[PDB]
Amino acid sequence: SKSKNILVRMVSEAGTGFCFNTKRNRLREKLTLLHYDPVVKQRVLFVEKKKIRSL
Amino acid sequence: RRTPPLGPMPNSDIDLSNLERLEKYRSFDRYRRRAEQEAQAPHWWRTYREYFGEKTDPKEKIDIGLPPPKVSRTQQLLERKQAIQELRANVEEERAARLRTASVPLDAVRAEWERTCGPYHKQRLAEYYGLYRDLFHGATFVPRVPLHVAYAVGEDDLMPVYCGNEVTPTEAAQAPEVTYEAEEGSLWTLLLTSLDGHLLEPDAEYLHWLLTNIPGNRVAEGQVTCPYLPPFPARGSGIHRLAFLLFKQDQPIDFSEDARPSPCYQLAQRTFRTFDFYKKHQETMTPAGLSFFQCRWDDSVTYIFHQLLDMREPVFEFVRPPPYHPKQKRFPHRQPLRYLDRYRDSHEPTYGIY
Amino acid sequence: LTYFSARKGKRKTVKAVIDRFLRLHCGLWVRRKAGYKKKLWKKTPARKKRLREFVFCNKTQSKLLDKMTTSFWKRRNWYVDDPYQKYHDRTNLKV
Amino acid sequence: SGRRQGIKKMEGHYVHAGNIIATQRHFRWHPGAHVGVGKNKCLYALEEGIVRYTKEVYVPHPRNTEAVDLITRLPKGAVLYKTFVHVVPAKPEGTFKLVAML
Amino acid sequence: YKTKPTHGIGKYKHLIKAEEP
Amino acid sequence: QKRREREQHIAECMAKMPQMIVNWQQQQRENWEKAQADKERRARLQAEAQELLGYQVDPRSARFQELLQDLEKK
Amino acid sequence: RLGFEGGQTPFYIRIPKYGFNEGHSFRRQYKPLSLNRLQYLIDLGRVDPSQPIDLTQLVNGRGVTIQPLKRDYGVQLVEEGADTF
Amino acid sequence: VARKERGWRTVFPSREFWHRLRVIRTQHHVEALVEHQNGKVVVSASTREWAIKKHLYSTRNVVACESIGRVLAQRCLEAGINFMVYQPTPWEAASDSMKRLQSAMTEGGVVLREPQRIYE
Amino acid sequence: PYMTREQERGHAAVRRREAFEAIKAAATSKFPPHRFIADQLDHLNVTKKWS
RNA sequence: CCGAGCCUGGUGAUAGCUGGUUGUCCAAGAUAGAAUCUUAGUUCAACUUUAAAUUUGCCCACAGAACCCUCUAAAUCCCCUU
RNA sequence: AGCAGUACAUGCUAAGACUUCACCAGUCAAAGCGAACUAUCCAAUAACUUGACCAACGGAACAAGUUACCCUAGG
Ligand SMILES: [K+]
Ligand SMILES: [Mg+2]
Ligand SMILES: [Mg+2]
Ligand SMILES: [Mg+2]
């Protein structure tokens, strides 16, 4: 029901569709990251989309 | 079971009774200064210096050079102390140092350096480059006589040789201009040798240039025992050492045995060993000056091989040992599929009997 | 394992083995790592990479898999554009 | 309930590049010449050669706060020592081979 | 190693005065 | 056609990425600076302490935050 | 029974399922005929180059063996021996 | 292609170099050395030398450290030494003396960074 | 001891190596024995009788 | 002998654990571990058989393997020669 | 101990090794590319993926008492 950290899926803004799960604090706003995107072979903005599991 | 130490153990003099009263390092630099000193010292236990440090003869290197010049330390110290007091007296000197605007004349420094510490720094450089190891089989001399070798590159420019600087074979196409301080009546021998150029014998050298019985600084008047030949480092063979050696003769010497034809384009006739050449003339001549440069292949070398040497240009490549793999096993348990590629010689599909 | 089927009196293949293993004609068996698709979030990149490798079975396992499959699964095959074609034959193996 | 950690390669043993020389929970043997360290303090060979164990003076990195504090508090004249493992390269990097006679 | 003559070459806590936390 | 649509979709989004990254980095620095002010905001409350030893909740310290909000309002 | 370890999950069960053999029975197969084999067959008079060479002549000369029941779809000519063909 | 002595990760300084610049500052003098990883000293410049000392008001100040860099850079080029590593401590790097000495070396043609080894 | 450890070193090396070569040579010479016709035909004498 | 009759068939039913298991000779041949609704059983290990291929195996010189306080001795690992 | 901090190239790929040991699983890693340059099956999902305190933790998909009326089994 509650956890210190949340597992959430980050989707690339490039629209390639590459996504990677990441850990963020439960009491935080939607996370945005410059994670590397294999499809485009360079760093790209990643937007938090869907909650996967609670740790 | 305990074995007594085979010598003084480290940190044993330290008196532990009054630990608080002892003076601590208090700084990383002070500990490091002591640490480096301790590392240099010899130890009974196994050390990195043993396995990796070079093994060289304990007996001191024989000195085969000219005797050191005689200097009066009392007078030298007197003049130097007075010179510094004169320099420090100037208010402008103190202001320039305080404001960090002062500088040293590099040209004046090198002029004095050549007279004072330069011979000993050139010896250190020659030792580091292996010239003594390869030319005199470990014997060392201090180049007391500064030898100035410069290659005329074009009409108005000169490429100097400064004990290891790189000179291309193109710049060394013609004989260089050689100058040195020699008193009247003296006789000198100048040779140019390629330590790493020999294509057939590992320990042999090439005699590129040999001038003998040079009267004073008049190198042009010296007998041409061996005509000048440009350095021809083979392509892909790396960087080669080219060393000018100046010898101070004690009297006129007969070099007919070492003579070579003019022009000499046979590599067999230019095969040379400085140790053997000096050994036969050690009584009459002493190594006086030393200059050398580093040379690698350039387009001009191809001309030397095809035209001057009338041979095909040899090309070399740096080849590394084949990668090590363990002996292949019939069942490579837990190994990836690509394990079988490590032992595969052909990438194209095979069909066997079919 | 069925050594003599009720209707044909022939040995049978264990289909569980066919689902999980690839047999190279040289006698090697290829498999996947257990859990390569599970809980990737809590696995390091190095662990994830070795989990997705195709690995060989040991001698003992290979002989057991051979008994559990009939001769049909050991025949040489000539599939067009087979990814494992080159691995069917061993090279430079002294033994 | 026990595990195996310690020296995989003893003094004088021949190792290939990548061989794990030793595994340790804490630094008991320190990396010497041509010996790499893993994330878990594993010691492995970076070159092919013979393994050697020696005692070398220990000087920590200036930014290793914990270790720098120790050496600064030592009595002057006292030098820390540690056990280091080295690999003596057995083979040369390569050789120059004649490939053409243009 | 204990048996070897060089046993204890790297002991340092005796050099440092012990401090209680 | 499907390949081209995906290829064009990626190209269009990638074109806008450099500007988006720059704008994103600005909002990061903006919040990065707000965090710095947050540290000093508590320090300002301590300035109003007037030699108060107690570390307990202080009415003036909480009130000053409301007063700061009143100062902001205009 | 064989494949039973006495209680634990058997090795052949605890390995995950992967489609190594999925659809194997429907994959097309081609017997490889090399230029070495083809040249060898011609040299020994078992395939005559003066007439069209097809599967029938290759099979009749015992040059290749085709198993249609084993999903063989014919012969695939391979480049092995091209240098000496 | 020559192998650098990798390792020594837990100690300072690193041995992964062919040549390094080492600066020794004493109470009265400044010395800068260029030495091979094997411990041999290739070239060196020191304020103890009369050639340098006579042109210096002080041999322990920033100007002396800058002058040593300019002199050492010239000797380096003459010896064919173009690349080396400099392994200072945090305080040494920040100090103005080493900044001026490093600038003189770079303005003299020395890169102060070595090319990576070519393994393949 | 008649010799010290240093002097003993390598004195038996040559014999110790050659002895192993004999062991190796025996261990690599295993092969099925020759088969002879006379052995097979000799079995016909089981029915040999006086005329 | 009915806490659920008897008979036939399913049925040579299953499990569990005992017991039994039939001429001679020669060669090799005794280990003591891990998982399991598993500890009265099993399968991977330990030892063991036959054949085959190849090259070292055993014994063991020096050197070498940590600090932290080691009861610290008796020993171990590694290891040329023999 | 059944976690947390805090980063988001915990990217890709690849020699050679370690390992409680048997298996399964687990662990380290040069070079290179690109950067920086300091359990099983099952069930949900387009995909990427996620989920059993399966704690009897090598886990049967899912089941208790009682027999002093007892039945059968060997030790
Ligand atoms: K040569
Ligand atoms: Mg017997
Ligand atoms: Mg041995
Ligand atoms: Mg790398």
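As a basis for the values below, the full set of heavy atoms in this structure was taken, side chains included, without hydrogen atoms, waters or symmetry mates. Residue numbers start from 1 in every chain, and the chains themselves are labelled A, B, ... in the order their sequence lines are given, proteins ahead of strands.
Counted within 6.0 Å of CD on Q116(H), heavy atoms from surrounding residues, nucleotides or ligands total 12 or fewer; the atom is thus considered open. Atom CZ of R28(A) has 12 or fewer neighbouring heavy atoms from other residues, nucleotides or ligands inside a 6.0 Å radius.
Among the heavy atoms of the strands lying under 4.0 Å from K13(E) are primed sugar atoms or P, OP1, OP2 only; no base atom is included. Among the heavy atoms of the strands, none lies under 4.0 Å from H34(D). Counting non-hydrogen atoms under 4.0 angstrom, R52(D) reaches nothing in the nucleic acid.
Between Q335(B) and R342(B), the side chains place a donor N or O and an acceptor N or O closer than 3.5 Å (distance only, hydrogens not considered).
Put simply, the side chain of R9(I) and the base of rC80(J) share a donor and an acceptor less than 3.5 Å apart. Between the side chain of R28(D) and the base of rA65(J), no donor-acceptor pair of N or O atoms lies under 3.5 Å.
Where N19(D) and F11(G) each meet RNA chain K at their nearest nucleotide, the meeting point lying more 5' is that of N19(D). Across the interface with RNA chain K, nearest-nucleotide mapping of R20(C) and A46(C) shows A46(C) to be the residue nearer the 5′ end.
Between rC67(J) and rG20(J) there is no base pair of the Watson-Crick or G-U wobble kind with both of its two distances under 3.5 Å. Applying the 3.5 Å cutoff to both bonds, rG23(J) and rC62(J) do not register as a Watson-Crick or G-U wobble pair.
A perpendicular orientation is assigned to the rings of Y18(G) and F20(G), their planes being inclined by more than 60° (bins at 30° and 60°).
Ring-centre distance between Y12(E) and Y58(D): not below the 6.0 Å cut-off.
Rounded to whole Å, the distance from NZ on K67(C) to P on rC44(J) is 11 Å.
Using atom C1' as the reference point in both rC62(J) and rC80(J), the two lie 9 Å apart (nearest Å).
Listed pair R334(B) / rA25(K) meets the phosphate criterion, a side-chain N or O lying under 4.0 Å from OP1 or OP2. Listed pair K33(C) / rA25(K) meets the phosphate criterion, a side-chain N or O lying under 4.0 Å from OP1 or OP2.
No stacking contact links strand neighbours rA60(K) and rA61(K) by the limits of base ring centres under 5.5 angstrom apart and planes under 30 degrees. Adjacent in the strand, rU20(K) and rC21(K) do not form a stacked pair, their six-membered rings missing the 5.5 Å centre or the 30 degree orientation threshold. Neighbours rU50(J) and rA51(J) form a stacked pair of bases, judged on six-membered rings within the 5.5 Å and 30° limits.
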